[PDB]
Amino acid sequence: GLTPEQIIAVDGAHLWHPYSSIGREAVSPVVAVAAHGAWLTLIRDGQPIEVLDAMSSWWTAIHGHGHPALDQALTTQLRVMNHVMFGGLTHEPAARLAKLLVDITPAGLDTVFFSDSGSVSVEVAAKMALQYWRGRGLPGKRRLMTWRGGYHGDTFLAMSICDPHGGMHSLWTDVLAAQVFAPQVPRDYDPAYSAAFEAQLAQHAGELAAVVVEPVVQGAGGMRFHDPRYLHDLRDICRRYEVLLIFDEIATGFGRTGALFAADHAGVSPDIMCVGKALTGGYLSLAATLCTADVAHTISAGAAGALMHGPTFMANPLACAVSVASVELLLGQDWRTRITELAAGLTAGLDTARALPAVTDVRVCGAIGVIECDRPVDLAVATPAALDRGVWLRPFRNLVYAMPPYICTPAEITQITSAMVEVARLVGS
Amino acid sequence: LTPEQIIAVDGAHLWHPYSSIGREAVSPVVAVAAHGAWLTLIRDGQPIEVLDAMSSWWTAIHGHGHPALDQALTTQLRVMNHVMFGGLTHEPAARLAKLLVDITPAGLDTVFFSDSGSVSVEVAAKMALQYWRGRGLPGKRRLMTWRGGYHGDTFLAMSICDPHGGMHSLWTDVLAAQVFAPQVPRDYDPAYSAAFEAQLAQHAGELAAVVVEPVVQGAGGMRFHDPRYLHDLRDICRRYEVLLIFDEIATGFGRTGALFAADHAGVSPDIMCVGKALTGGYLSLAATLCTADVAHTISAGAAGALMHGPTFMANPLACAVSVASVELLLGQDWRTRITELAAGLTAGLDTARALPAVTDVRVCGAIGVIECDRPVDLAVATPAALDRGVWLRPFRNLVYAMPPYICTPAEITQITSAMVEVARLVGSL
Ligand SMILES: CC(=O)c1ccc(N2CCC(C(=O)c3cccc(Cl)c3)CC2)cc1
Ligand SMILES: *Cc1c(COP(=O)(O)O)cnc(C)c1O
Ligand SMILES: *Cc1c(COP(=O)(O)O)cnc(C)c1O
């Protein structure tokens, strides 16, 4: 047992936080004491208050926290089998989830490699790509190409394809692998951009294993949207120059952008696909990398004879079982209508912010709404402002944005957007 | 799904650790339950109870379905499944960090949670690199280790795995080129330390850290070495200003007969990794610890923060079960328990020394190893162990067990007996 003041003291002395310091934090983290449905209970001024989880706890809690169908799924699997090692053994949660995932992902993705986090699945995807070409007799095809503004995780190979500014690649001189970056993909469809991308790829094609991109929505590198037709062009470019196509859908997966997977907006299939954040409905760390049969078999007929990867908790029965329920719960409802209503709620709620002086853009894609500002957002002001309106918001750089749980009612969206609009109002003054 | 349906889905759609698709010499065995030290597996259409001699890849130290860990999981499930750790903190993270800081080797004061051992190793290297950049020495960017080690499957972690065990021939031009000392011997030889120092001297100015598994090298070959090499590593790292990283992902939480294997030598590293048994084998979770000095130096450096933050960082569910797991270990007389486990393994395995295909028998804590004169054919060893009521997973030429701590004397003798028979069959044919 610990009181919130003891939690804060232990935290200050011993807990790293994401991209944080020890002992140089501008403001203490806020003690969370509960989380239920779309709502978190936080400690402000020593008192518990309920606020909306407008971030879905970093894209994860698509069905809300403590959903009874996913609680029960975890409690049911807990009674039979917490976990078994996946070396030499298999089980029902893994098979059911793999069945579900191959069926609902874009066509052609037939095999599923489970891991523990999104960064790992990305490295698994890269390893798949590199082993694929070795099994084709082309070990020179070993670099990655991407477009600027992306984000793919914090492990060192993943870092190498993150946006060089967002990723502070200047601080990693002579450390990261040197990958090929095309310019920032634009919002509106411009075929000249795809032509330029093709030309740059063409001169690297013989050393490129793969193109890796987030489809439609670029999350942590800047909450930028692009026309899905760009994905159509990458597919055709990759096919023509014999470079594999990897879609990182770790933030876009499972309905978040209006389609079940963002690749579906373009009607295109990658050779390799990563999923993660929402996979367990925000309960537990789990990820997966999927590839075509051709990739699977080429790796397996490779001289190495196998994919050299195997996380200790691979295909954890507890995380697979809740993920099964999370996916079935999503497919078991009219999810497409649900996201459309959420998008319309966000569009209506944030429209006020366009006319505000400090706002350069307001954009919505499925259950994602963004207010882009003309200067950094001072969190020391934005966080108390949103809390006083009962909304948990976490701006970064010049972005005030939300990815709310799918269960948010119209009133809760209106509360979330009103808080975002007000945060943007204070950016001016 | 039935076992047969699971088998069909699995063969079609699941990757397994370091495996192929559709080229598996053996099918996986369907596991349907796990309780205490026992797995329920399906063999010839029938369920059987077998001992989990591997502890499900060295994780299930308290056995499966321990009431204390089950309840800690359901209790946390009732209040809060997960919140984002960016901007927020919570009780299971604070308690777990206070626990780990208090029981790890002295001076390890800060805790970075992540979701797997591989990621925690990348976090450690990132800490070491950002540390020296904080000190104005950004040329200290390489790693040194001794051959025979294993540290995970992500690409930085791969770079310090044994260049044969990790098939580094298959990963040249891709992996960072690290500094490898020869295989550390089992008996203490002061000359090996002298040569290690001499090699490290020729690289000090480009070395960020020495990274080793302490006392026991797990996946690279279940090799033991004398603890006093860790004393020499500590002193050499001290005099040459190279940080010391201990990877205790396999050795932590009592496995080798001390709480952490570093304690066999009284040594404290600068950075420490833990993972496998951290949650008692329930959920994926890992932690990287470092000293106040490393943390304060990173935090005062150019980035002002450690450049890392996993989506599920400090997952309340995983942390809560780990709290229970660590407290359950601390609140019993674990040292006597592991001492008794080790005696049972030693007495039970002694008879294998005389088998013709056996080259060594060695025990260290709750770890027992029969080294054979040839690679062990899993198609012979697996059914033969299952015939004896034991789940065994040999690799390379090693028949070994890492049994759950709750194994009674008779269960240990049942485990060692199956291992002895497996080794007897190796020299038969
Ligand atoms: C779970 C949680 O609460 C959480 C909060 C924040 C968070 N970050 C912080 C900002 C980071 C960032 O901008 C960035 C870093 C490297 C490359 C690029 Cl392109 C962008 C991205 C991750 C991760 C997790
Ligand atoms: C969050 C994220 C990752 C990394 O996921 P982790 O589980 O934090 O490693 C990778 N790619 C994308 C697109 C993401 O949004
Ligand atoms: C098992 C292990 C790892 C990898 O942990 P994962 O969770 O499987 O990534 C790393 N280092 C050591 C010493 C290990 O035993």
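In order, the residues displayed for chain A correspond to 7-435 in Swiss-Prot numbering, which applies throughout.
When the header is checked for method, it gives X-ray crystallography, 2.2 Å.
A Cβ is built for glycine as well, from the same backbone N, Cα and C atoms used for every other residue.
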Listed by Swiss-Prot with A:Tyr157, A:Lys283, A:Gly316, A:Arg400 as binding substrate, from among A:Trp22, A:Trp45, A:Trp64, is A:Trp64
For the pyridoxal 5'-phosphate site that Swiss-Prot assigns to A:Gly124, A:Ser125, A:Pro317, A:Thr318, which of the candidates A:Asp59, A:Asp180, A:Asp254, A:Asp380 is also assigned? A:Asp254
Please state how far apart, in Å and to a whole number, the two most distant Cα atoms are among A:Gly124, A:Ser125, A:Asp254, A:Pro317, A:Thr318, the recorded pyridoxal 5'-phosphate-binding residues. 23
Checking the binding-site residues A:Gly124, A:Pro317, A:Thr318 against A:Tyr157 (substrate binding site) with a 10 Å Cα-Cα cut-off, in sequence order, leaves none
Got a sec? Which of A:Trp64, A:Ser125, A:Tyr157, A:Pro317, A:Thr318, A:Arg400, the binding-site residues, have CB under 6 Å of any ligand 3 atom? A:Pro317, A:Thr318
Using a 6 Å cut-off on Cβ distance, which of the binding-site residues A:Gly124, A:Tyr157, A:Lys283 come close to any atom of ligand 1? A:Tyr157
Near ligand 2, which of the binding-site residues show up if the criterion is a Cβ under 6 Å from one of its atoms? Options: A:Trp64, A:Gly124, A:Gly316, A:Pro317, A:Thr318, A:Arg400. A:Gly124
Among the binding-site residues A:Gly124, A:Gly316, the one whose Cβ has the most other Cβ atoms within 10 Å is A:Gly124
A:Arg400 (substrate binding site) CB neighbourhood, other CB atoms within 10 A: 21
Cα-to-Cα gap, A:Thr318 (pyridoxal 5'-phosphate binding site) vs A:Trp64 (substrate binding site), nearest whole Å: 25
Between A:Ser125 (pyridoxal 5'-phosphate binding site) and A:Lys283 (substrate binding site), what C-alpha distance do you get in Å? 11
